[PDB]
Structure formats: C-alpha cells, structure tokens
Amino acid sequence: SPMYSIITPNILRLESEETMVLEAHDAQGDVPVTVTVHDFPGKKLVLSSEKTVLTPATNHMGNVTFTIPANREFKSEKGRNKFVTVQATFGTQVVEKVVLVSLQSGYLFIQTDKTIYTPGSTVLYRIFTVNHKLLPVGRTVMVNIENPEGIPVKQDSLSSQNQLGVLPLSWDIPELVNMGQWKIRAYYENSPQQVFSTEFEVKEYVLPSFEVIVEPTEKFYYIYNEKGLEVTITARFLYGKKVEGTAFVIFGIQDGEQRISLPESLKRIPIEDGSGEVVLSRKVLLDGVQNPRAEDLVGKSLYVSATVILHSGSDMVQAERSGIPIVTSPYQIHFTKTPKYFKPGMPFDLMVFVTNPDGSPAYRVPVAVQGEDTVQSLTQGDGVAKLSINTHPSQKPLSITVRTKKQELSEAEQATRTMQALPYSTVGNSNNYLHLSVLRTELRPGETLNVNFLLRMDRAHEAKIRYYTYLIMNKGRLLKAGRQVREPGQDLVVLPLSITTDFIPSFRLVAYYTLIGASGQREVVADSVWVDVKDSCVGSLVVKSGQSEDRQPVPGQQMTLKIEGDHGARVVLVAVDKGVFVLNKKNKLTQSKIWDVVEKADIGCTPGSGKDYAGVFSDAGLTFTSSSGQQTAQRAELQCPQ
Amino acid sequence: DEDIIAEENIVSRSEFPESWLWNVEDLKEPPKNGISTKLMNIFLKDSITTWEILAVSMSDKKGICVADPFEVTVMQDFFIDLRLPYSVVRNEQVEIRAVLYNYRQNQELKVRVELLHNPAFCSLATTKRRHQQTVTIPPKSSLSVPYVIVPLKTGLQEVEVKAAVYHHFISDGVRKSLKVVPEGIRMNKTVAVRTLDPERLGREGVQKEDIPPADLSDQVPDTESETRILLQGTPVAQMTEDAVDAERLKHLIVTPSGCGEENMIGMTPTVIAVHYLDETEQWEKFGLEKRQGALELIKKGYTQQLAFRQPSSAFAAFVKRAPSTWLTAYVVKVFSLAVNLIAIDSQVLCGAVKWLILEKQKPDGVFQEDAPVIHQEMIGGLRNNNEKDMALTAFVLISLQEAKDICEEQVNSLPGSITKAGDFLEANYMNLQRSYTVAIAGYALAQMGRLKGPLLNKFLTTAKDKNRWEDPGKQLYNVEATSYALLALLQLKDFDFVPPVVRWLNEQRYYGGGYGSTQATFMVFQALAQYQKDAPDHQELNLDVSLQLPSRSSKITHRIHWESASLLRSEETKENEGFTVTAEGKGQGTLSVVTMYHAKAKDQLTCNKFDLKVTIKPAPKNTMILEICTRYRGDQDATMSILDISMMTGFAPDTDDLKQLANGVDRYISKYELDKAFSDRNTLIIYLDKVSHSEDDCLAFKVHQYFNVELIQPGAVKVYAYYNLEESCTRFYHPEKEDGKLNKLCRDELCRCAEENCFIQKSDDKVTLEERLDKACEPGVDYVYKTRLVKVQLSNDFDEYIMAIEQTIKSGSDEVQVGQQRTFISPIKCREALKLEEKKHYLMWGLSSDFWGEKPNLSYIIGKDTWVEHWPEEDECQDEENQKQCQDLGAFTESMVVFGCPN
Amino acid sequence: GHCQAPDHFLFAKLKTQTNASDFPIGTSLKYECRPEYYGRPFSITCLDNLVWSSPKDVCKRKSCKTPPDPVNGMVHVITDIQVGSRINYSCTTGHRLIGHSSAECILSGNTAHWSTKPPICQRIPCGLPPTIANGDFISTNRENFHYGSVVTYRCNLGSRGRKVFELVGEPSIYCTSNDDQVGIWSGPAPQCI
Ligand SMILES: *[C@@H]1O[C@H](CO)[C@@H](O)[C@H](O)[C@H]1NC(C)=O
C-alpha cells in the first residue's frame, strides 16, 4: 500500500514564493506528480504551473515551488476568511487539502528623520517595501497621514518600482496646525487589512543646551529597604562637558494609569561636576499614602521628575524616570519558551526565562524545580536556563513548580511559577514516540547544529523505519525539507544541520516517521522543536570615523566617513542633533523592532511538540495530508490562539 | 579697539538644522573579503553638539539592515550660545540671553561682545551706534550677557550677536531666527455643514450648493487662515434575510443507492446541499473536509444513474420498465444543476432532452407521462391537481430551459419545442384554479419573459398576504410552490415583493430531507440560493463631486464609489472665499467646512499666577537699593520658586547683603554665586522655598555701580515655579525710565522704536545757507513748515506739542493749508533737550515716514532726521547775537518758496 | 645699524611711506592683513639685531560660509570651502534641478557671497493619464499628479451592475522619467472591451 503525502505551510500568502513537500512512501519506480491550486470552492485554476517527478535515489521526496497570483482585495474590512484548494496527483492517485489564506503581501517599514517637529517644518520619511523574505520589491503602496483626532488629512498611492525597495517622501506641516501625536499610516494596495504605522510629535520647542539623565541605584525598589529609593542625577552638556547648576527633584507613585505625587519628597540639590544625589525615604513614601499595609504597594511603580536649572538661569531642562517597580522580589519566572507537551518515559527539556521587573533578562541566576537536589541551573546571556527532567510512563499530567535558588534571599524574595504539561497521545495507544533533542544555545549563523533523533517503539517493527522526514520552517515559510536515514537497530541518530543567515531570527524543526502498525494500521508519529538564533542583520552595516583620533572636530570642518556594507546594496543616511532626542526618543527605527514585527507575524503558535501528530504539525504551522486518510485538523483562524 | 578683529570681518554661524544628511548612496566598491567600503567626505554644520548618524542598507540578496547609531562630538574652545525662545509676541518687551563659554584650561579671555542692530527690533543698538560690552571671562567658565529687545514686525525675524577677544585670534558669532507672533489665539470657526442627496434633495438629479466665506470678524489683520473642506460618503446597507444555518443542513448529505428512482432521491439532497453551501459560503462552520466527500457522493450518484440510462437515452426505474417522462425530466433538471460540481457527459443529457422532445411531446406542445414513476412522494405537488397536463408541461419545460445553454447548439428541435409548449402554457394560464400550478407554470413562463400583463397580475394576486403561495392540503406542496414563485419573482426582478416571501419561508423552519421531501428540499434550496445570489446587500453609491474655487480656474474633481465609502476626501484653501460645489449622482454624502484663524481676542498676555512689583530706589561710588515684592495667585502658598535677576550694566549686588538672605530661613542662594567675585556677576538667582498667597512677600538688597557709563540697560526680574516655566512674570527696573520700560511709540496695533537721537545734530557746527538749501532739497525730505508752539500737553510717556503752522515752505504727501494746527510727538527725556516752550516760533522739516495715523488726519513725529531750529522773534532779531540766524532763516525761506529746488 | 628692507610677508599690507632701505633700531612699522585675508592690526619692530620681529598668528585667509543641505538634494563638495573652490549640486532621484548645478567660491573683494544660488530640486510632475473609452481610473487624486503616483483602471458597471466587457492589459500604471524632465507614464496599456 504505497502512501502519498503532502506537506504545506499552515497559512498561504499571495505574491510570495511558497514551497510544498511531496512524498511517496513504500513505492516502486519513478512516480510523476502534478500540482494544481484552485479557488475555494469552484475552479479558477490559480496555479496549475508546477509539475515534478519523484524518483528513487531521490528517496521519493520532492519540492514544489509556486507563487500564488493575487485577486487583490474586493471585500472586505469585515472579511471574511478566504481559502484555496491545493490538489496533487501522483500519476493516478489524488490527494488534496484546503488551506487558509492571509492577504499579507510582505512587510512595510517607515523611517522618519526626527522624532519631533515644529509647525511650518518638513517631515522627511522613507518607506521600505519588502516581501516575507525581507527582500526588496517594487509594489503599489497606499499612504495616509492622520492627525491626533484620527482624521487622515493627506492620502496618496505610490509605486516603489525601480526604487530598490526605498521610497523617499516628505510632508510639510502647516503653520496653523493641531498640536499632538501625529501618525503616518501605510499599507499594500492588495492588503488593506495589514497596516504599518509610525508616530511623530508636533510641538512648540527649542533645542536645549544640555541633557539630563536620572538613574536609580537599582532598577526596582525593595519594599523593606530602610534606605529608601536612591537616585543619582547626571546632567551633561551636548558636547560632553559636565554641568554646574541647581536641580529640583520630586517623587511619585504610579498605580494603573493614575499617578499620585509626593509633596514631602521635594528636594533642592546642588549639581557639582555634572552629578547629584537624592533619596526618597521610606517614611515619606508610606506617609504620603494612608493605606497602612506596606505590602499593598507591591505591583506599583515609582517615578522621579528632576528639573535642572543652570547657574545662569537661562536654560532649564526636565527629565523623568518612570516605571520603577516596587517589588518583594528582584526576579520573575516565565515559561513562554517551554513546550507544553511531553513524551512519557522520555527526557522533558524545560526552558525557564527569569527576568527583572523591568523586563531585562537576569544574568547568572540559580533556578530549580521542586524537588529537588539533582536539578539546578544558571541563567544564560539571553536570560534562559535549561532544566531537563526524567519522565514517568503515567498518563497523569506533569505538574512542574520552578523556583529561584539564589542565596542571600529569605525565600520570601524568591520567585516561583507553576506549569503543567500534557502527555502526547499516540495512535491506538501504540506507545510509539519520537524525541527530538537539540541542546546547544547561543546559536549563530555558520555554526553546525547536531539534532538528536531518539526513537521509541517496539523492536518488532523497528526495522521498518529506514528514515525520518524533517522540515525546517522559518519566517512562516518552509526553509528546508530533507531525509535523515536510519539503519535497523539505531535508536538514536544524529543529523548535522548547517546554519546560514536564512535561519534568522529563529526556526522550527519538525520531524516525522510513518509505518504500518498493528494489524494493517497506518501510523504517523511526529515531533517538533523551536530553535532561537542570535538576532542580527543578514549582512553588515557599519558607520565609523575616517581619520585618526587626535581631538574633536571643529564646526565647519570637513569629516571623512567610513561605511562598511554589502556589495551592490543601497544605503540611506540621516543625521540628527542629539538635543532632539532629549525631547523625544520614541518611535526610532531599529533592527530589533524589525525582527520583533517578524516574530509577531509567525504562524507557529507553540514552542514545540503537540498533543498528537496532527497537533504537532498544526501548532508548528504545518498541514499534513495523506491518501490513506491521515491528516491534520483545519485551522480557520488567522491569528495565534491566546 | 586695540588689536582686535573687526565686527564686519566676522561671519556668524547661521546654520542650526535639527536634521540633515538625507543622502542616498550605493556601494559600488569591489568587495575585499565580502565587505565593500565607501569613504564619504561630508561637511559638518555650524551647530555645536553631538551628531548622531543612522544608516539603513537595502540589498537585492541580503535584504534590509538597520545599522547601529554613530556619534560625532562637535565643539570649540570658545563659543557663543545664544538662547532664544520659540516665539515672541509683537511689541512686547523681552529679555534674551547670550551665554559665552570659555573652556580653555589655564587661560582667561578679555572679551568684547556686541549685539547687531535690526530694524525689526528695538534695542540700545542704533543705526549709527552699536551696543557693546567688554567683560572678562575666567578659565573653564561661562558668562551670561542679557539683552532687552522689543519685536516690531511679524513673521520670522533674525537675531545676530558677535564677539571677539582682545590680544588673541579667537572670535565667534551667532545668527538665529525667531517667530514673531501677533496678539491673539488660534480659534476654529465652523463654517458650514451641508447634507448631500442629489437624488432626493437635488433638482434634475443634480444638487448644487453655495458656500459663503467665513465670518472672521474678530480675525487679526494680515494674519493667515486655513479653510478645510471634508467630503464624507455614507454607506447604506439593506438588511438581507438570514441564510439558513449550516447546522441544520448536516443531515442533507446522503449516500445515493437503489434503482433508477431511489438513486435520484438520494442524489438530490447531497447535490442541493453543495449548491446552497457554495453560495452561502457556510463551509467554514460546516467544515471544509466534508465538501469533497459530498462531491464523491454526487459523482457516485451520477455514475450509478448511468446504469439506468436506456439506449433511447430515456431514464426509467428498471431497465425492463417503460421510460418515464417525469423521471427523465428530473434527471435532466438535476444533472443541469450538477454541471457546476462534477463532470457530466453532454451526450447523455442532451440525448435525454432530444428523446423527450422527439418522443414525449404532443402536437399541441404538451408533454405527457406514458409510464408514471413508482414513487408518488418524489414528484411533490403534481398529485391531486387534475391540472397535471399543465403542471407536467411546466416541469418538463423548466428542465428543458435549464439544459438549454448546453444543448442549444446541439439539438435543433429544442427552441421549437420550448416555444411550442410555451404557447400552450400561455393560452391556458388564466384558467388555473390552484396556486401550485400558478407558481410552477409562472416560473415556467418567466424564463421566456412571457409572463406579462394579465398573466403576471394573476400570478401576483394569487399570493395570500403577499407572502405565501398556498393551497389547502399538505404543507410541502405550499412550500415547493412558494419556492417556484420565488424563482419567478427573481426571474422578473421584482424585489419589492420578494422580502415578505423569504421571511415566510425561513419562518416555516423547514430544512427538508425527509420522506417525500425531494421536491420541497430541492426547490426551496434552489430558490433560497438564487435569492442570496441575486440579493443586493447595499444601495448603489456613485458620487460625482466637483469644486469651483474663485482662486483656482482649475476644476477640482472627486469621484466617490461604494468601495470609496470608507475613504474621506480632504481639500484645503488658505484664502477665505465663497465657493461653489457641484454634486451629481446617487448616494448620500456629508460636507463639512471649517476654518482655523487668528483672533483679535485680548489680552492673552499677563503674569498668570504671579504678582510682581519691582522698585529700585536711591540709597541715602553710587549705591542703590533694589526691592522685589511678590505674591502668588491661588488658594495656597506656592512651592519652591525661582527669582532670576539680571543686572543694569555696570552694577553688582552688595556681597555682604546677600549672606543675611542666604543664611536667613526660607531663602537660598547657591555658594557658587556667593563666593564668586564681585565683578562679573550680572546674573543672580535667588531660590525661594515659598511665596505667600495671602500677603506680599518682599525682599531687598543694595547694588553698587562699579562702572559708570552712558545709557544703561534696565535689569530684569523673573519669578517662576520650578515645575512650570510657562507660567511666570517678568519685570524690569530702571532709575530714569518708568517701570523699566524702553521708549517706544504705539498707536493702534503698531509700534516704532524711540531709542535713537531726538533730532538732527545741533549746531555747532553752525549752519549756513547752502547747508540748509542743499539739505532741504534732498529728494527724501517731504515737508518744511514754519510753526508756532501753542500749548504743551505733557503725559506719562509722550509729550505732545501743539504747533500752529504759520506758513508752508514745502508741502508733502499731506494736504495742509496755512493756519491749521498740527500735533508733534516727542519721547519724554528729549523734552529738556528740545527746551520747547509756548509762544515761541520754530522751524521744522521731516520725512514721509514720520506720520502718525492715516490721511487726511495726521500727527507728526520727531525723529533722528527731524530738523528743529528756533526762530527768533522779530523784536529779538534786533539783538546783535541773532543777526546771522535771522538772515539765514529769511534767506532759506524765500529761496525755498519762490525758486524751489534746481533738481 | 642699520636693519635692511623688511622681508615680504605678502599676506599683509603696509600703507604708509616706505622711502628707505636701512631702518634704525627700535622703529615700529604697521602691517595690516591683505584684503584677501583677515587679521588683527599689528606692528613689527627691529630686534635691535637688525632683524624684524615675528608675527604671532594674527592673520588668516578667508572662506565662503557654510554650504546648506538643500531639500531633497545632495551636495558634493570636493576639496575645501576656500576661495576659488568649486562645489556641485545633484538631485539624486525623481526631481528636476532649477538653478545652476555648479557653484563657485567667490571673491567680490569686499566680502564673499556665493556666485550661484542654491538650486531647488522639485518632484517630477506628470500630465493627465491617457483616457480610454468605456472605462475609468480610480484614485483619491485625479486632477493633480506627481512623480511616483500610481493609478489603477477599472470598467464601469452601469447601474444595477453586470460584468460589462473585460478589464485587459495591465490596469495599474505610474509616473516615471527616463531623463531628467517632466514625467511620462510607464505605459498607455489599459482597455475595457
Ligand atoms: C527544492 O528543490 C530546489 C532545487 O530544484 C532546491 O534548491 C530547494 O532547496 C528545494 N526546496 C526545499 C524547501 O527544500
């Protein structure tokens, strides 16, 4: 009984290259395959254009690369969801699956020259138009400009064709204008549902002479600290010289979105050598609010508003540090990187993410799961620590409680969290599992990664597994497909995996084997895992000094600038006075934000594994279909469950 | 001065951009180890600050990359920082500051600082005289130099200061810009809201609208305005009756089985379920895997059905049984609908049709059943009618018209048979006694468009309550007939009648799929599918809007459609003008016109929360006493406050007096200024812990003048709360000037600077006749009068001399006849230099720019170019010291009057 | 006794009588910086060693201001801003230059001010889109078009709406220029038939 299987991405996109996996299991000879895509329902013949031949010595597996053309969008804002029918014929046999379609063409990014503007000035902004592979593409893009009240005052429709994915643009802010937060909105012509936006502030301002930066000794506040909140004020000129002046500093408590000032926290301190110190006493803090219990203040934040005035009295600059948490503990525990399902009898790998109250990853923090002794781990650079526990064969859900083991804390100050994992369910209780283990962390492009395939099943049928089928999913598409061979008797095999720049920001690895089980029954066993890759650029862009370091350049002098980048690329530049950022540092363009937008656009909703093979595929953002009837469930939802 | 670079030789730094280097560069450099390197030689701007450079790279391979920021620190050893606000108010006196920074480690600099003269400002710097100070700046320090100016003309003006140090090459200058805002506040006046409905509210389907200019009564002259026009389309959706919930359709998937009849009974619900779910797009809640399965069932039903197809192409229950007309017709009716689903052989279908026509059709156009079907529950309401000739003829005819487009170009006898049967249906229609037949034959005739006039009226009036077509009997017949009637209405496109019908069908809660439910199910779902297929979900929207502005000969065009309904149209004009809107087409629009402008509203300028009184009094070199009294406006005393005090040039506070305040309670003075040298403190800041809201909190200290100089500048006192700089109060102090105010002359909303010389430089040098003649013959000089001072009216500010003109030597743009009085205005402080007293005579001449108010009512102003010469009395001319003057006066007068100028 | 004719600095000028070769000991001569330069007025004296005194750095050459970064434009500066130097202006993409591209550092002899004024690079305008029978284009902008603006065609549906004719031949088109001039449409493709 030769079995034909098709693997596709969970959701399909328009005007983007998608790949499809064709497999013929237990077959003979060269099997021809034709792939057709139609509208659902009916026949529009969207793409019939991909034809291929599966052969032995190719081990009966093949790629199909197609790009689905766009009807664009007639309707509607309301939707609703559109599906397409993917059908594949191997010589005779027909296997078909209907797939959900997202209208997203690609990504759009908007870069404004400054973070703040004046009435009667010009806002310069570029629009980067890319596909899902973040490659440059000429396309039609709709642009709108919304005032604070939300009314678009200007809208155009532009083409990025022959612009190399960069659209230079400008808008003149009127002299009679509404003050507030202005927004630049943009979207693709074929996809009005996906809108990318940026903000910029219009205000009456002047660039200051200097900048003020206030910092706490630590980024949180311990409720029982008698010292109170200690704040160091730093004020430096734009040219780097320190300052001499007088500063006014006051504190406050933030709960919800509501702020409450502390009147008796007002202090006037001298500024000497561009520095100063001020302390909010616990007495003043607890007196300001009449709520007698101190523990009630936990889960609230503090804010410091410092105002530095020069000894000339000409220039005055204010600054604020907000969101200083009042906590019982310096740390917190998060399971968002750990799979929620386990293989009974097989090692379960937990990834615990310990963070500081500000969200910054904690560094070198002891953690453990009760209980107790043998397991311990220290958090890495990314703030994640690995804890691997052994697993009982029982069907009882696994309840895991993780605590921080750091010394010098009274256990009242220790962070704890409790998770639960569920047993992977097999076919007909055959108890045949598959365990993918990837250990190494802080992975970078160019490195190789050993993937450990651990097979669990009775040795009676073990000789029938000659291979594992693996898929590398990245950025919502299929990055790679392959076959890892297995000789009879090999329970654990290793697959070397080369890591290119195409795995950034991260990737998913799914694998499955299939065999005929007890009494003529087809069983498909699968497992998945998620691997984080170091976030970075694909290429490199550096801007440095072109001359030796002697002394600072004088206004009016020429400066040679060195740029280090990829061959053939186009580089756009901007220069901003740092006095600007004193007023507004928000909404600045950053690669981190790009990869964040990409990682939010991922169709995979889980860190790994699944409740069953169908669950494994679907959760990892894949669809598996077979002529024997084994197939994934249907996801009609566009977003990730939450 | 001694060994110093001149002011004129200094080029000030004018460029202070907040953003630049918008440059675009491609890397063409051949890669060395994968990295291309381009070197950029660029030009740093005038600003002293750190410039941050952000780069983004776009490659056709590697994609997008956002580089990390790069900083460049731009600084000098000695420089000027000129601190200007964002905007200043016209005619209001303000004090800006120029802070000189010397960062040199061991070296102190002797500095000369000068403010440039601008016609747009009133300062101590005149046209022929500069305003310059000489101050010493210690190593690694800074010094603030206050300047007091009054803005004059609106718009964006320019302020420029220069400085250079003695015995060194060091120099610097700063040229910045500042916005001069007139008195007022931004106000949004809503002009017009107009509702657009060219169909309902328009004439001839066209609605034109007239929009007048905005009021703008309180608008400030010469100020701008912006009129904004918004066109907002309004979507109108019509309620479309609820489609049948797919949860009720689940039972309609049935595996086809049995012989020639049963096979169709089982094929029926599975075929129509797809048809309906396809149009209603309910598969998502139904599930997508079910469809293809159903398609397999359909293909099965068809394939099995082909086993009952006789050589005659006719269909019958069993191969041994005589062919059934109705069964074959129903097979045609089903396979016709199945074309959208599964592959079907046209030969089988059109073959069955051809057999129907060439066999079962009578010469009168009637189709007749020779061999009745075995299941009488599968034929629906064909029973009991006794009209069955008509009913069957209709059924068969419908099955023929559904298969037409496929079989038309194949079977030649199809249209013939169609029209043949159509005549028969047409002739007998009016005699129909049963609603069911009226419905089926109604739809039968409607596909020909032959249901018209009396027949159509018979069809419509048959419906009870204009909702349901029904006869007494079993319900299924009434439902089926109602379905046929719905297909009829939809065929004739009468949508007024439709909704009450569909509302009734869905109300019956009939999902079909039971014993003998074939006809009911099939027809009700065919009808309810065609309904949703043909049902409009919206009212047609096409808008043609045009705009006629008197300021633009160009025609403004905007087209609004139903996909545009979400989109908002915006148009702007800076000129306030009445304009015309020409609208046309279907749909409902909304028009909004709103202007933004500047209001004449006063005052808008005040010390908000602070009352400030400053009094400087002579103490019993020179020592004076400065006293500052302040009170906060509110229900509570203010928190920590700031007193920013500048100095009259050449003055310093008494160093001793400061300590008592500083060491006193509630008062704080930084030690920085306390141990600072007596010299070079022109700026002192007194930090107050509080200021009372009840009674005035006052303080005072002595000030010594260490440098004597002519024309000292008033000092300033600024009180403000540390948390808010925007709310403050500014006061000036001068011993010889009222309230610290500079001399300026204002009427209406316009003011001119009084800080120049009171009049032309006096004699000596003693004036001769050629001097007066040549000077008065200058083309610029407008008027020359001989006058007599009538009465001196003094005021708190400006002196008004009433001069009666006794004769007019030269006349200007003003029309003035001999004997008419005129008023001359002079700044106080110039009164004792003028030494004018009543009854004496004077000679005056001036320019055309010195007039006060507009013609022909004028007052004269005495400026730097204004000539005033005392004319001795006739009896006083006999005196031996008046001789030359009198001779010159008479001479000049008659020479000017009689001969005029040679030029 | 007696110091010879003073050396020629040539970047500074003496305006007063020089009638003599051998100067005596301790006699101040006044050297003012040449109009091509600028510096503080100074005086050179005999060392008593028969050699004249050395100037500190009193005098310097000149330069013409600061070249501004124009709106939507690139300033290519070769060498320095010193007198007689040339700088160039280039609009990179989608804009036409109104002005003089080449700019010169000048000396009017009293004071320096740039010979040419900074040019303005303006967005390439386009004429009306090609009009075809039986069909129209849709956009928020109709009357006034600028460079890079893209317009999309369609076919009129009448009133009730029906599928009339067929949309054929590349409905979307945009403004572009293959030379620096007024922009022309990418192509006059569309038809409704
Ligand atoms: C499909 O095959 C092509 C070669 O024809 C190969 O380059 C590509 O990597 C394959 N795609 C996948 C996802 O493996």
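Here chain B follows Swiss-Prot for its numbers: 752-1371, 1381-1663, in order, are the residues you see.
Structure determined by X-ray crystallography, 3.3 Å.
Any Cβ shown, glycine's included, is placed from N, Cα and C.
Per Swiss-Prot, these features apply:
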- B:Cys873-B:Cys1513: disulfide bond (DISULFID)
- B:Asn939: N-linked glycosylation site (CARBOHYD)
- B:954-973: region 'Disordered' (REGION)
- B:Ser968: phosphoserine (MOD_RES)
- B:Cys1101-B:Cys1158: disulfide bond (DISULFID)
- B:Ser1321: phosphoserine (MOD_RES)
- B:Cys1358-B:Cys1489: disulfide bond (DISULFID)
- B:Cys1389-B:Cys1458: disulfide bond (DISULFID)
- B:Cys1506-B:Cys1511: disulfide bond (DISULFID)
- B:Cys1518-B:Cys1590: disulfide bond (DISULFID)
- B:1518-1661: domain 'NTR' (DOMAIN)
- B:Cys1537-B:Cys1661: disulfide bond (DISULFID)
- B:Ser1573: phosphoserine (MOD_RES)
- B:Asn1617: N-linked glycosylation site (CARBOHYD)
- B:1634-1659: region 'Interaction with CFP/properdin' (REGION)
- B:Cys1637-B:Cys1646: disulfide bond (DISULFID)
Original post:
Residue counts in helix (H, G, I), strand (E, B) and coil for the region 'Disordered' (B:954-973), per DSSP?
Top reply: 0 helix, 8 strand, 12 coil
Original post:
Taking the recorded positions B:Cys873, B:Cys1158, B:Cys1358, B:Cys1458, B:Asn1617, B:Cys1646, which residues show a Cβ-atom distance to ligand 1 below 6 Å?
Top reply: none
Original post:
Any residues 6+ beyond the ends of the region 'Disordered' (B:954-973) with a Cβ under 8 Å from its own?
Top reply: 905, 933-935, 940, 942-943, 945, 947-948, 1327-1336, 1342, 1344, 1346, 1348-1352, 1509
Subject >> Chain-internal residues, separated by at least six, CB under 8 A from B:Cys1661 (disulfide bond) >> reply: B:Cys1537
Original post:
Looking only at DSSP and grouping its letters into three states, which state does B:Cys1637 (disulfide bond) belong to?
Top reply: helix
Subject >> Length of the line joining the Cα atoms of B:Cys1590 (disulfide bond) and B:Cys1489 (disulfide bond), in Å >> reply: 30
**OP:** State the count of C-beta atoms found within 10 angstroms of the C-beta of B:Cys1101 (disulfide bond), not counting that atom itself.
**Re:** 20
**OP:** Determine, to the nearest whole angstrom, how far the Cα atom of B:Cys1511 (disulfide bond) is from the Cα atom of B:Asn939 (N-linked glycosylation site).
**Re:** 29
Subject >> B:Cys1389 (disulfide bond) - helix vs strand vs coil (DSSP) >> reply: strand
Original post:
What is the one among the recorded positions B:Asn939, B:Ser968, B:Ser1321, B:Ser1573, B:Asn1617 whose Cβ has the most other Cβ atoms less than or equal to 10 Å away?
Top reply: B:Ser1321
**OP:** With a CB cutoff of 8 A to chain A, go through the disulfide-bonded residues B:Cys1458, B:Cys1506, B:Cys1513, B:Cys1637, B:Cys1646 and name the hits, or write none.
**Re:** none
**OP:** Just need one number: Cα of B:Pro1371 to Cα of B:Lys1381, in Å, whole number, across 9 unmodelled residues.
**Re:** 12
**OP:** Take the C-alpha atoms of B:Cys1518 (disulfide bond) and B:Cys1358 (disulfide bond) and report the distance between them in angstrom, rounded.
**Re:** 33
Original post:
Over all shown protein chains, what is the count of other CB atoms within 10 A of the CB belonging to B:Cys873 (disulfide bond)?
Top reply: 24
Original post:
For the disulfide-bonded residues B:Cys1358, B:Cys1458, B:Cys1513, B:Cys1537, B:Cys1637, which one has the sparsest Cβ surroundings, going by other Cβ atoms within 10 Å?
Top reply: B:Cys1458
**OP:** By DSSP assignment, list the helix, strand and coil residue numbers for the domain 'NTR' (B:1518-1661), in that order.
**Re:** 33 helix, 47 strand, 64 coil
Original post:
In which DSSP state, out of helix, strand and coil, do we find B:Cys1358 (disulfide bond)?
Top reply: coil
Subject >> Secondary structure of B:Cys873 (disulfide bond) (DSSP, helix/strand/coil) >> reply: strand
**OP:** With B:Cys1506 (disulfide bond) as the reference Cα, tell me which of the recorded positions B:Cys873, B:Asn939, B:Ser968, B:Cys1389 is the closest one.
**Re:** B:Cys873
Original post:
Using DSSP and three states only, what is B:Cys1513 (disulfide bond)?
Top reply: strand
